[PDB]
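Colleague: Take this structure first; my questions come after.
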Amino acid sequence: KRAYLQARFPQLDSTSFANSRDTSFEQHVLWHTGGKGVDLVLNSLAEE
Amino acid sequence: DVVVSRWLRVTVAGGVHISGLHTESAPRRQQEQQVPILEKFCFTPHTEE
């Protein structure tokens, strides 16, 4: 799926992907954003 | 060894791991506060009128 998204959307980079099966994406977003976070979030995910 | 990450909000040391620690200021007011003796130091003659 990472490969497919990269193929369809060239503007994305290796740092614009995280993992949706665990809660590891929080650390990714916080690290790459400088700790500020994100402005919009679109969340079709579960409790944890 | 211990590490602190403000960005990720994590503190890891050995087997412990703390995330999302929030701290609120205490009033800082403590009773029985010290009462220093304040004084001046002035030359004083012997014979005053």
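Those sequence lines, one after another, are chains B and A.
Residues 1704 to 1751 (the deposited numbering) are what the first sequence spells out, left to right.
Residues 1077 to 1125 (the deposited numbering) are what the second sequence spells out, left to right.
Every residue, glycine too, gets a C-beta built ideally from N, C-alpha and C.
Can you find a CB in chain B that lies within less than 8 Å of the CB of A/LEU1097?
Modeller: No - not a single Cβ of chain B is within 8 Å of the one on A/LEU1097.
Colleague: Buried or exposed: which applies to B/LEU1733, given that a residue is buried once 16 or more other Cβ atoms fall within 10 Å of its Cβ?
Modeller: It is buried - the Cβ of B/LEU1733 has at least 16 other Cβ atoms within 10 Å.
Colleague: Candidates A/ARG1085, A/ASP1077 and A/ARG1104: which alpha carbon is nearest A/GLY1091's?
Modeller: When only C-alpha atoms are compared, the closest one is A/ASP1077.
Colleague: For A/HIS1093, which residues does DSSP report across the bridge?
Modeller: According to DSSP, A/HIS1093 bridges with A/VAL1088.
Colleague: Of all the residues that make up the stretch 1704-1737 of chain B, which are near chain A by a beta-carbon distance shorter than 9 Å?
Modeller: Under the 9 Å Cβ criterion, the stretch 1704-1737 of chain B contributes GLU1729, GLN1730, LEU1733, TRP1734, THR1736 and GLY1737.
Colleague: What did DSSP end up calling B/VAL1741 once you bin it into helix, strand or coil?
Modeller: Note: B/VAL1741 maps to coil in three-state DSSP.
Colleague: Find out if the Cβ-Cβ distance for the pair B/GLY1738, A/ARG1082 is shorter than 8 Å.
Modeller: Against a cut-off of 8 Å, the Cβ pair of A/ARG1082 and B/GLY1738 comes out as a contact.
Colleague: Could you please give me the residues that DSSP links to A/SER1081 through a beta bridge?
Modeller: Paired residue(s): A/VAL1086.
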